[PDB]
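As a starting point, one isolated chain is supplied in structure tokens, in the form deposited in one PDB entry.
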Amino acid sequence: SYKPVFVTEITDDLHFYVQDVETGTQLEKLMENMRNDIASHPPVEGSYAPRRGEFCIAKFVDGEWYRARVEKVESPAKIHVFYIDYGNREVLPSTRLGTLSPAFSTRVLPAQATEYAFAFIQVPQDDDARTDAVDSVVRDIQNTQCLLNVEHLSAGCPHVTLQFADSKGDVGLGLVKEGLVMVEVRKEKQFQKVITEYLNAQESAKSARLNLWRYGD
């Protein structure tokens, strides 16, 4: 069952964050109400005190306040935050931090960004190859609605397949077809048909001498 998601951020190690489209209006409503509350209780007159693991509000580069979590306090001028509804990280001064009121907590609405990786593909170990794959994904899916299916859990993030909204083409499989990534095989019998399809695309990418396979194998 492929669910609609909005892809927000692509990491340098080929992970990505998504928002669930089904809860997008709930997030927007929370953000409108939180920002109305911030306007009546300006952080400048509030004296929040940032600490690691503590939630906060953080003012992003669009001049709007968002929900965040403090990850590291380097100095008063350098507080490292993670925007819990988007997945991006930022270093900011204390002038751009405030209290997250309980009315807008993750108990009221869960963190809206979830981190995933692509199922059935290996992240390239070579830096330039990895950059090529990340750049392809950023161009094709960053800040777009896609369809997502969770395939398997791992010792890290869950691994998923993504489809383009329009064509319904499998995004990860596209990378394999382009020779941008290698296939990661698994043993589960329910993945055998899809892994078979990915390996077939990989062999065709090798024959076409694309990207990873430009000079042969």
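Rigid core here is just the name for the largest C-alpha set that superposes within 1.5 Å across the two forms. All residue numbers refer to positions in the sequence shown, first residue = 1.
If you average the C-alpha B-factors over 155 to 163 and over 36 to 44, the higher value belongs to 36 to 44.
Of the two segments, 205 to 213 and 17 to 25, the one listed with the higher mean B-factor is 17 to 25 (C-alpha atoms only).
Ranked within its chain, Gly87 lands in the lowest third, by CA B factor from the PDB record. Sort the chain's modelled residues by C-alpha temperature factor and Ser75 lands in the highest third, per the entry.
Per-chain ranking of the deposited C-alpha B factor places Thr131 in the middle third.
When the CA B factors of the chain's modelled residues are split into thirds, the value for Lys59 lands in the lowest one. The deposited CA B-factor of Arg139 belongs to the middle third of values across its chain.
If you look for the form deposited in another entry, you will not find it shown, but the lines that follow are about it.
After superposition on the rigid core, the C-alpha displacement between this form and the one not shown reaches 2 Å or more for just one residue among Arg51, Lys189, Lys168, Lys29, namely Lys189. In the other entry, the Cα atoms of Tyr83 and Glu45 sit 3 Å or more nearer to each other than they do here. Between the C-alpha atoms of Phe104 and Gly46, a gap widened by no less than 3 Å is obtained in the other entry, as opposed to the form on display.
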